[PDB]
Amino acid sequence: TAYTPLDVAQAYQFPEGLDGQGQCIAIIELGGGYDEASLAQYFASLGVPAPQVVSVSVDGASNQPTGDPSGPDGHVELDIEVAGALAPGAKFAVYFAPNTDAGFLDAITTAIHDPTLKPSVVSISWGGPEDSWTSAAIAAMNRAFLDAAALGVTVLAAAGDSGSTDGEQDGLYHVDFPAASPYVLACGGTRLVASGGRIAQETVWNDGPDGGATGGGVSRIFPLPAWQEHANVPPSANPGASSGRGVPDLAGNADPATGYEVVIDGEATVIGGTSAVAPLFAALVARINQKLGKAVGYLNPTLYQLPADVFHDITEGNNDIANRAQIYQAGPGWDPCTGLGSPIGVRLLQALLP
C-alpha cells in the first residue's frame, strides 16, 4: 500500500481550515538538493497550492541536487513534499550544511536564530546514535535546542530507521541524537492501516534487519526529564540499567510497505521512514500555531500532561531488528517504540486552545 501526505493527515485527523499561513517552517538538510519547479508540480498533482520555498547556504553548502533519488535528494524532497503538502500556506526555509557535526550544528543554530525567515518550527531528519557525538557537539547542540525553546521554536527530530540498535552494530541498544535530546520532539515510526479517515491498524514499524525499523529506547546520556516520570519509562536495556530520556515522544506512519507516494528527482515512487514523520508533525504544529495566533514552541512537558485520548495509542510490535529479544516493545500508553503514539489533530489542537 501507500498514501499521499493528505491521506495520512486525514488518518491523523489534522484540523481543517489551517494551511500554516503566517508560519515559517525550517528544514535541515545535510547535502543533496531540491528542484523548485519540480516541487511545484508535485503539489499541483496533489491539488495543493505550491508553498513558497527558500534555500539558505550554510558553511559554504547549498541546494545541489545530484539526481540520485537514493542519495540525499530523496531525503531533501521527501522532507519538503511531506510538510509542504500539509502546511502549504506556510513559508519553507531549507538550510543546507556539510554532512558533519559542525555543519549540522551551524545549520540548526542558523535556522533557529534566523532574523529574517524566522521559523517557528524546526524539522530535522538527520542524526546519529548519541554515543558517537563529541561532547562539544552534544553540548552546543543542546545549547541550541535550549535556545529554540526560549525563542518559542518547536524542534522535531526523526528518531531513526534502524530499530533499537540504531545501526550501531556492537551488540548494545542505542538511541539517536538529536532525537534523544529532551528539548526535542522525537518522532518514531509505525505501520498505518487506515481508510476513510478511520484508523484500522497502527503498529510499530519493523520490517526487519533489512526493511528498517523505528528508532526508540532510553538515552543513557540524558536523564529522565521530570515530565516523563509518569510515562513509565524503563531503564535502558543495556547492562547497567540506567535511568534516561525515553525516546520517542510521538510516532507516525513510516513503514515503506504503507509508504508515501512521492516524486523524487522526476520519478514516481513510494517511500517511508521516520524522516517523513518529523516534517509531517511539523505541518501539524504550524497549523496549530496558525489557529492560536501564537507559536507553541516547546511541547514536550505539555504533551505528557494532556489527556491520553489526545493520542492514538500504539500497543503492538517492537523495534528490535537485532535479535528476538523484542527490545523495545510497544504497550499501553508511552512505550519506547512509538512514544505517546500518533497525535489526533483536532484533539491536540482543542487541548491547546486557551
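We number the residues from 1 along the sequence you see.
- Looking at mean Cα B-factors across 96-104 and 186-194, the upper value is held by 96-104.
- Per-stretch averaging of Cα B factors for 60-68 and 284-292 places 60-68 on top.
- Going by the entry's values, 223 shows the largest Cα B-factor out of 223, 215, 240, 171.
- Out of 46, 306, 39, 325, the entry records its largest CA B-factor for 46.
- When the modelled residues of the chain are ordered by C-alpha B-factor, residue 210 sits in the highest third.
- Ranked within its chain, residue 21 lands in the highest third, by CA B factor from the PDB record.
- Compared with the other modelled residues of the chain, the Cα B-factor recorded for residue 52 ranks in the highest third.
- In this PDB entry, the Cα temperature factor of residue 116 sits in the top third of its chain's modelled residues, the highest group.
- When all modelled residues of the chain are sorted by CA temperature factor, residue 33 is found within the highest third.
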